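Okay, structure first, notes after.
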Amino acid sequence: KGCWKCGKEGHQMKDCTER
DNA sequence: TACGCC
Ligand SMILES: [Zn+2]
């Protein structure tokens with residue numbers, strides 16, 4: 001539930017600052 | 001930034 005890369009919900013990869 | 005960054 002959220003971003004897997006950094007750990008910030010609201011995005012996942014595209015939209016992260018990392019991968 | 002975020003824009004795939006793989
Ligand atoms: Zn993220």
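Identifiers for the structure tokens are assigned positionally: chains receive A, B, ... in sequence, residues are indexed from 1 per chain, and ligands are indexed from 1 in the order shown.
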
>> List as JSON, numbers by chain the protein and nucleic acid residues lying within 7 Å of ligand 1, with only C-alpha atoms (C1' of nucleotides) and all ligand atoms counted.
In response: {"A": [3, 4, 5, 6, 7, 8, 11, 12, 13, 15, 16, 17, 18]}

Could you write out that same residue set with C-alpha atoms as a PDB file, in the first residue's frame?
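Output file out-v9.pdb is given in full below:
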```pdb
ATOM      1  CA  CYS A   3       5.475   3.512  -2.948  1.00  0.00           C
ATOM      2  CA  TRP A   4       7.790   0.498  -2.687  1.00  0.00           C
ATOM      3  CA  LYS A   5      11.016   2.445  -3.524  1.00  0.00           C
ATOM      4  CA  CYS A   6      11.231   5.068  -0.800  1.00  0.00           C
ATOM      5  CA  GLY A   7       8.093   4.205   1.250  1.00  0.00           C
ATOM      6  CA  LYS A   8       5.985   7.328   0.314  1.00  0.00           C
ATOM      7  CA  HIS A  11       2.868   7.174  -5.955  1.00  0.00           C
ATOM      8  CA  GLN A  12       4.970   4.039  -6.778  1.00  0.00           C
ATOM      9  CA  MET A  13       7.883   4.473  -9.302  1.00  0.00           C
ATOM     10  CA  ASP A  15       6.449   9.665  -9.652  1.00  0.00           C
ATOM     11  CA  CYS A  16       8.905   8.771  -6.907  1.00  0.00           C
ATOM     12  CA  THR A  17      12.222  10.697  -6.789  1.00  0.00           C
ATOM     13  CA  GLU A  18      13.915   7.226  -7.142  1.00  0.00           C
TER      14      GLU A  18
END
```

What are the closest atom pairs, with distances in Å to one decimal, for all residues of chain B lying within 7 Å of chain A? Consider only C-alpha atoms (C1' of nucleotides), order rows by chain and residue number, and present the result as a Markdown table.
```
| residue | atom | partner | partner_atom | distance |
| --- | --- | --- | --- | --- |
| B:2 | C1' | A:17 | CA | 4.9 |
| B:4 | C1' | A:14 | CA | 4.0 |
| B:5 | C1' | A:19 | CA | 3.7 |
| B:6 | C1' | A:19 | CA | 5.9 |
```

Residues as selected, C-alpha atoms (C1' of nucleotides), written as a short mmCIF file (atom, residue, chain, number, x, y, z; two decimals), in the first residue's frame, can you do that?
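Saved file again.cif follows:
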```cif
data_model
loop_
_atom_site.label_atom_id
_atom_site.label_comp_id
_atom_site.auth_asym_id
_atom_site.auth_seq_id
_atom_site.Cartn_x
_atom_site.Cartn_y
_atom_site.Cartn_z
"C1'" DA B 2 10.41 13.59 -10.26
"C1'" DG B 4 10.26 5.91 -14.53
"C1'" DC B 5 15.07 6.52 -12.14
"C1'" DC B 6 15.58 0.22 -13.37
#
```
